[PDB]
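Trainee: got an experimental structure here, sequence first:
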Amino acid sequence: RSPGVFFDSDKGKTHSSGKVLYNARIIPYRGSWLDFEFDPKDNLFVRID
Amino acid sequence: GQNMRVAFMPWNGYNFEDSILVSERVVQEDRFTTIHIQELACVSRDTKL
Amino acid sequence: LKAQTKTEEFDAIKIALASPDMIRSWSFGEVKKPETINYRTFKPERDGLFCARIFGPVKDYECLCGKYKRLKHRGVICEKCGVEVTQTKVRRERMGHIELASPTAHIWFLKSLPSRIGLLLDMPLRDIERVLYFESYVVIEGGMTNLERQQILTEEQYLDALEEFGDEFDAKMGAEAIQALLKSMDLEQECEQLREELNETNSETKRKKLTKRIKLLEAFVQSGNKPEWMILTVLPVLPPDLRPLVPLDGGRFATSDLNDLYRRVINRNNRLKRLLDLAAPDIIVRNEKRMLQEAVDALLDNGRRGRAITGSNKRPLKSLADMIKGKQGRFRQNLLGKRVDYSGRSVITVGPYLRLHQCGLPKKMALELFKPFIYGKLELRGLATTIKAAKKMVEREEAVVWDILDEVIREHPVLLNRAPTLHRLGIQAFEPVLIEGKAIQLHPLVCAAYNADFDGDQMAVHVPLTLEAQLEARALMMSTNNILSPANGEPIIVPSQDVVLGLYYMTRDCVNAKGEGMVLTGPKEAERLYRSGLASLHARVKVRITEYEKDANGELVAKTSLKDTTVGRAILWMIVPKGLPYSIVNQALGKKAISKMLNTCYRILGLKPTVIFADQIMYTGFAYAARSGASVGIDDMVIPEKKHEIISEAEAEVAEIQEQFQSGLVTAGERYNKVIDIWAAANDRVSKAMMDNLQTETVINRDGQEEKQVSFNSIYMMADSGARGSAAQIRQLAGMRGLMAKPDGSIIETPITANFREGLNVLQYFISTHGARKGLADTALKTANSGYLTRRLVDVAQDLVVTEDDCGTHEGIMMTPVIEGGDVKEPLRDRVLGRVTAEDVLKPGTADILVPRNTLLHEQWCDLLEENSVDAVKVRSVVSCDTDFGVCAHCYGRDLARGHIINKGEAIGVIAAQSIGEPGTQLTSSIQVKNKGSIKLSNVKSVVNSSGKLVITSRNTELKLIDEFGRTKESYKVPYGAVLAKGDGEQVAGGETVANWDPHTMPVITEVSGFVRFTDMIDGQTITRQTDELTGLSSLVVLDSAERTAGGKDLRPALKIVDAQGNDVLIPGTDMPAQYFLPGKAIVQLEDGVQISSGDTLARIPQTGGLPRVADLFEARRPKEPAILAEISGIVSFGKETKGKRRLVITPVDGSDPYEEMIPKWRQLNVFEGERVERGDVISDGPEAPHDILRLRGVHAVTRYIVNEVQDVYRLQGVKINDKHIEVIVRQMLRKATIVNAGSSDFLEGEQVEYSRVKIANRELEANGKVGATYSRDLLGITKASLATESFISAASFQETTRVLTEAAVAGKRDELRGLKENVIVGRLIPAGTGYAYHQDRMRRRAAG
Amino acid sequence: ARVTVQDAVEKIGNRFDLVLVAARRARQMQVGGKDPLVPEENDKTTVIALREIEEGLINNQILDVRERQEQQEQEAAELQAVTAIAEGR
Amino acid sequence: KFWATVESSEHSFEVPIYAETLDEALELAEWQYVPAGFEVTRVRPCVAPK
Amino acid sequence: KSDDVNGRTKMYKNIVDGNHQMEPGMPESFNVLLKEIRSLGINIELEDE
Ligand SMILES: [Mg+2]
Ligand SMILES: [Zn+2]
Ligand SMILES: [Zn+2]
């Protein structure tokens, strides 16, 4: 997977809601990953690696 | 490999599933003959004995 | 006589907790030092992990120091260093021990899922670990004081409590504390108190959680174990040879990680022992104790605390738990396989010169295999001086040893096996025939059974050494002894490819050829006519034949006549033996009829004639197939001339729908469907074009102009005979191939027009690619899935084996044809044959017994039942078998590689699982009668309308077509409100209209007649006013009770039938009046005051599959959207709906207590709101839950559900599996049952139906008059049913090893064997088959005097 | 060579006990206690025992009876010998 | 007791819910089910002829 | 043929002696497992006669 930013969906299977989801993922060529993801409550979250 | 004269026809069950019937000519002409070179090593080590 | 002391052949096993003394018993010494060897002259350092004194001598029969080196010295212990001089094998035996400084918890019993110490003490795990780590104090036997027993304290709290009461109170911390807790515990008194408590408070949860624990407790008491032993005092050390230090080339050594772990444990323990003598401060000694606990834990089971790493290597060291568990999922030693001597393997090939009982065995291979036999056979005759000389002889390959090998090879069979073994046919015994070459020659007729191709598949050979193994291989595993599939009685030896093409080309007929019309005296001069090039193979000829029949009693009758046949068929008749009628070979003989020939030959003549017949058939098949000169050219595939037109028209069609999309006449989603439909419809045209242009295409002439017959075209002969290829496959070569689909899963609207014969442009190929890739991946995955299913199935069955002979029960199931949809998706003679009757069936005229009581139904019996019109036979089944812990022969059936009834001791569960799992790789609006018969209405209440028609008032209604014979052909279901033009006992013809209705409408009709009144219908509340704008005819639409107003939501709208007087017309024959309420979104028909009659609708209301399906079935998985059933028979009602859901109030006409359930209203209903429904009726449609079937319908219903569903899956793929196997899987599934009443065992305990029945049946007499307890059958999935096993050794295999071993240990489980898997693990004769006798005899010697 | 054991299976119905009995007989022959009841075609003790089963001149019953008689042969011959052991008193 | 039919994810199943009332059984079901992101489909009373 | 350390040799001798039999025993595997299990606080023993 080429280093850069990548925006995904992950729709259907999450929590049945049909509300889908949206997540951004910043992948470097070296070092830690930076993730930003949503959730059923429409709150924005962040996880390192 | 080597192209050769081939006939499509059942021969006494000898070709049964995927199997192949080869003329004695092919083995006589030494055409499908293959040469292999094996490397066999002998080790002289040291033991307490 | 003295019982015994020393080692005889042992019975069963016992597992339990080990006392410190019991541990010291095994120990032949203590290991006091971490040292291993001497580091220079490598020798065990005394009192080390490796020691000669503690364990054993490094060399056989020699002392360590070297004092006594002679084999004479045995029981002598050396004086310098005590080592008894004995074989070094004892270094694999002798245990050892370690005296621990401070007590140490056994991690298995501490960290187990229930946490055995914890629930024994009724103490939470967190608190126990808190104590062990010296985090907090815990009181023990607090006596009469301020504090309780199990109560935990802290530093300050313990100090203060100590300042108050010095004595009469006790508290400790660490492992010693838990040890004290366990030791002080009185099981008896605690039990008594629990018994007093169980009887006071009446509550489900309380008494359940109480009774479970008291059960566990008394179990622990009777176990013989003791709580103290959960805390380790002495630590056993494993024999050194099981953790070898053995050296390697280059001087480097290698050893087990158990050495590292053990060494750590010893080191830390010694350090603790030193620190105690040094009087170190608490902060130190505590740390050392914790380190000791950590080390010991890491030794026993690593990964439950720190995951300790081995020296110089990152990878975590492998502990004893990991030694027992092994790896590769759940496998422990002999399950996952093992290496075997006297064996080999190689590439496989042809050899049709072979006979069905033999196989080509390479000279060199056979030599190296039977090499030990050759050795003895050489010096037996005196050809060799001694064994060494024999070895030298076969090593020199002296010319004599070949002829000497031919002796040992003669009657000594060999086992041939393939890689993907599924069904028992995967391993078959043959007779060795010496062959020059390195390749193994296999008989062609077996290639079907092995599923082995000639494309470079390899097979393995095994030598049956012991006499018993030879006779087992010859009388059981022999090739000729199995001619039949274990799945179904059909022949597995059926000719495959070239042979069937040969017999096809023989028995085929041509319109005009040499010898047409001429007559022949017999087969001899027929073959003589053909072989001379005089008469053609296929030509119409009358010949004199002599056909026999065995129709006399036990006797062959001879008859002779002139049959009209072909020359080829007549030549073929020279083969077919004895009683078989000439009509068998008189046909074209496709792959089907050629099989039924062999079948009938087996069911008439016998085994031997069938075998020799089969061999002859293969021989002549290959022969004439060779003679046939059949080939495949490029001109053999004929493309339809009209194809190019069919495309164009279709290519026009899409264009139409392409324009309408631009003009907005059609929507996008509609356009897509239109285009895909027309394009897919074109393919059928091209395909059924090429077929007609193929099959009959040959147009020939006989003494005249033209006559056409079946084509002699090669590829077509192949496809039609069954040699290879099929319609779908030839379709891809000639006609267009399919319409591919993008990875999205959606189908592309531009199908592939070109075929394989034609070129393929870039695109088309690129599009075919995804199909190819996904195909390969799919198959590769389905292999694994099939394997797993097979595994689960073998696990759930296994030990089930025929034990008794005849249990003698009239119980069974009702066997009728499946009668699915239009006609008979499977006949009666199939589901019947091979299965012994439960009770004597009768002719249509009664008092006549054709088949008495229980008799195995074979071909003749089933034929007799076929003479008569009988549509049903009651059959004994494995699921209904009264035999406990097994199955009687008279229940199971006959079917096997032989036609005879099932033997005694054969293991049926295994072959059942195999038979189900082997084929599993292949897996993925008005009634109009198709035939002529008489109408029969089953289970229906209806009424006659004012139109003279017949309207059905029943939801569950069946329509059967019973012809003049009295047999049921057609079967359908007729919905409520359907209009029948006929009645029960009527007459219809083929295609005649019987039932009619509408899908989108659920008409609510009226049985009685009169005016229509209106009650509880108020506008704006219950109903609403809507008038059609295209007509002006209206109805007041019933407003659903979700959307209604404030107070109008509480009223139930209805249509009540009134007569001329204004009274209420009652439901016929009852006190109860007739008022039909209406549901939500239900539009009416006629308004108030308007008169109606019967049949007039009061209001009209609007509206997976494959292998994983089988998996879901056998696992009894509840579906996603289950059909709800009526729990209790009665009249349904709708209470006031609540909370987004709807109440459903059932009203029993019989007793009492009207039951109400919560059904979400969004789910579309089924049941009439104002009518009665029996238990098991459908309140809504959709998939049915198996548990619901078992509970609301019954065992016989649910077993039928399973078998019919799984067979619906398999039969759809064209796969034959006898219902038997599935029935045994079912038997294993419902094995468990949960008790209801009491008087012997516990209340809610789940327990085996066999166990429970064997108890209550014993309690129906003697005992108490009957104190016997009621139960309820329970449906368990195959994996959950497999989870239950008496043998802990068997359970240690497929389940989680740790948990099983622990739970079994604390209980003191005694494994009596008696099962298959556990006996295999321990390496003794299987309690079935050959061994069944042995284990039977012993079983009788046991539990007796 | 015996191609199909069906005939043998007909005698003693079973087909597991066929293997047992025929093995027992094959033991009686192979490691010599005795000779066979049927002319040897150069068939091994396996096939010989199976043939003997087919001809119905051998089975479980007959074997047990015969062995029980051999015990009487050996108990006959040993009579004086073991009765000379009265020293036990 | 009362068997509550809960459906979520790829499949469904029934769980025992103890209570003194059908309505109470429903409330105790939802309170002990819904908030986890599990749907509550059905509630049935336990029969068992005795 | 596999796991029995005595069984193998005691067989081979009979194989060459012209005696087809077997004098089986406990496969070294299961015995090793007995030792491994008994290396813990678990006591596993064989009973009766
Ligand atoms: Mg293959
Ligand atoms: Zn010594
Ligand atoms: Zn039975």
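Mentor: Nice, I can see it. Residues are numbered from 1 along each chain as shown, chains lettered A, B, ... in the order given. Ligands and ions are numbered 1, 2, ... in the order given.
Trainee: select the longest helix from chain F.
Mentor: helix F:5-17 (DSSP state H).
Trainee: contacting residues for the nearest residue to residue C:1288 once chain neighbours are set aside?
Mentor: Leaving aside its sequence neighbours, residue C:1288 sits nearest to residue C:1304 (Cβ to Cβ, 6 or more residues apart in numbering or on different chains; 3.8 Å). Placement of C-beta: from N, CA and C, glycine included. The neighbours of residue C:1304, taking Cβ atoms under 8 Å, 6 or more residues apart in numbering or on different chains as the test, are C:15, C:1288, C:1291, C:1292, C:1311.
Trainee: inside helices: which ones of these?
Mentor: Among the contacts of residue C:1304, the members that lie in helices (by DSSP H) are C:1288, C:1291, C:1292.
Trainee: how close does the residue lying farthest from the centre of chain A sit to ligand 1?
Mentor: For chain A, the largest distance from the centre (Cα atoms, centre = their mean) belongs to residue A:30, which lies 19.1 Å off. According to Cβ to the ion, to the nearest Å, residue A:30 and ligand 1 sit 46 Å apart.
Trainee: surely that residue is within a strand?
Mentor: No: counting by DSSP: H, G, I helix; E, B strand; the rest coil, residue A:30 falls outside a strand, being coil.
Trainee: tell me the two of the contacts of residue C:1304 that are most distant?
Mentor: C:15 and C:1291 (11.4 Å; Cβ to Cβ).
Trainee: ok so the residue nearest to residue C:1288 is a helix residue?
Mentor: Yes: the assignment for residue C:1304 is a helix, going by three-state DSSP.
Trainee: now do the residue farthest from the centre of chain A against chain C, distance only.
Mentor: In this view, residue A:30 and chain C are 22 Å apart by Cβ to the nearest Cβ, to the nearest Å.
Trainee: returning to that earlier point: pick the one among the ones in helices among the contacts of residue C:1304 closest to residue C:959.
Mentor: Looking across the ones in helices among the contacts of residue C:1304 and measuring by Cβ to Cβ, the closest to residue C:959 is residue C:1291, at 51.5 Å.
Trainee: mind listing what that closest one touches?
Mentor: Going by Cβ under 8 Å, 6+ apart, residue C:1291 touches C:1285, C:1300, C:1304.
Trainee: based on its surroundings, how many neighbours for the first one?
Mentor: Residue C:1285 has 22 neighbouring residues, counting by other Cβ atoms under 10 Å in any protein chain shown.
Trainee: so it lies in a helix, does it not?
Mentor: No: using three-state DSSP, the assignment for residue C:1285 is coil, not a helix.
Trainee: could I get the contacting residues of it?
Mentor: C:1291, C:1315.
Trainee: for ligand 3, see how far away it is.
Mentor: Distance from residue C:1285 to ligand 3, by Cβ to the ion: 23 Å.
Trainee: before we move on, the earlier item: by contact count, what packs against the longest helix of chain F?
Mentor: The contact analysis (3 or more Cβ pairs under 8 Å, 6 or more residues apart in numbering or on different chains; DSSP states H and E) places helix F:5-17 against helix C:363-381.
Trainee: and whichever residue of chain B sits closest to chain A, what element?
Mentor: At 40.4 Å from chain A, residue B:1 is the closest residue in chain B, using Cβ to the nearest Cβ. Remark: residue B:1 resides in no helix or strand, with elements defined by DSSP states H and E.
Trainee: burial count for it?
Mentor: By other Cβ under 10 Å, 5 other residues sit near residue B:1.
Trainee: mind putting the contacts of residue C:1291 into a markdown table with distance to residue C:529?
Mentor: Shown next, in a markdown table, are these (distance: Cβ to Cβ, whole Å):
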| residue | distance to residue C:529 |
| --- | --- |
| C:1285 | 69 |
| C:1300 | 75 |
| C:1304 | 78 |
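Trainee: residue D:40: neighbour count?
Mentor: So residue D:40, with other Cβ under 10 Å, has 13 neighbours.
Trainee: residue D:48 is in contact with that one, correct?
Mentor: Yes: using Cβ atoms under 8 Å, residue D:40 is in contact with residue D:48, at 6.1 Å.
Trainee: please name the nearest non-neighbouring residue to residue C:484.
Mentor: Residue C:484 sits nearest to residue C:897 (Cβ to Cβ, 6+ apart), 4.9 Å away.
Trainee: could you measure from the one you found over to chain D?
Mentor: Distance from residue C:897 to chain D, by Cβ to the nearest Cβ: 10 Å.
Trainee: do residue C:461 as well
Mentor: 18 Å.
Trainee: ditto for residue C:654
Mentor: Where chain D is concerned, residue C:654 sits at a distance of 64 Å (Cβ to the nearest Cβ).
Trainee: straight-line length of stretch C:989-998, end to end?
Mentor: Terminal residues of stretch C:989-998 are spaced 23 Å apart (Cα to Cα, to the nearest Å).
Trainee: before we move on, what about stretch A:20-39?
Mentor: This stretch, stretch A:20-39, spans 9 Å end to end (Cα to Cα).
Trainee: which SSE is the residue in chain E that chain C sits nearest to in?
Mentor: Here the residue of chain E nearest chain C is residue E:43; by Cβ to the nearest Cβ that distance is 3.5 Å. Assigned by DSSP H and E, residue E:43 belongs to strand E:39-45.
Trainee: can you list contacts of that strand?
Mentor: For strand E:39-45, using Cβ under 8 Å, 6+ apart, the contacting residues are A:16, C:1124, C:1127, C:1141, C:1155-1160, E:2-8, E:12, E:14, E:17, E:22, E:25-26, E:29-30, E:33-34.
Trainee: make it 6 Å
Mentor: Strand E:39-45 has contacts (Cβ atoms under 6 Å, 6 or more residues apart in numbering or on different chains) with C:1155, C:1157-1158, C:1160, E:2-5, E:7-8, E:22, E:25-26, E:29-30, E:33-34.
Trainee: same thing with stretch C:545-554?
Mentor: C:556, C:557, C:558, C:559, C:560, C:563, C:578, C:579, C:581, C:582.
Trainee: and stretch C:902-916, by the same measure?
Mentor: Against stretch C:902-916 from outside (Cβ under 6 Å, 6+ apart): C:423, C:486-487, C:793-794, C:797-798, C:800-802, C:889, C:892, C:1221, C:1224, C:1328-1329, C:1332, D:15-16.
Trainee: same deal with stretch C:1240-1251?
Mentor: Contacts with stretch C:1240-1251, where a contact means Cβ under 6 Å, 6+ apart, come from C:884, C:885, C:1231, C:1232, C:1233, C:1234, C:1235, C:1255, C:1269.
Trainee: which ones among those are found in helices?
Mentor: residue C:1255.
Trainee: re the thing from before, how close does the residue of chain E closest to chain C get to residue C:125?
Mentor: 35 Å (Cβ to Cβ, to the nearest Å).
Trainee: higher neighbour count, those two?
Mentor: residue E:43 (28 against 15).
Trainee: tell me the bridge partners for the more buried one.
Mentor: residue C:1158, residue E:4 (DSSP bridges).
Trainee: now do the strands in the chain.
Mentor: Went with chain A since none was named. Assigned by DSSP state E, chain A shows strands spanning A:4-8, A:23-27, A:34-37, A:45-48.
Trainee: oops, chain E please
Mentor: Going by DSSP E, chain E shows strands at E:2-8, E:11-17, E:39-45.
Trainee: I am finished for the moment; much appreciated.
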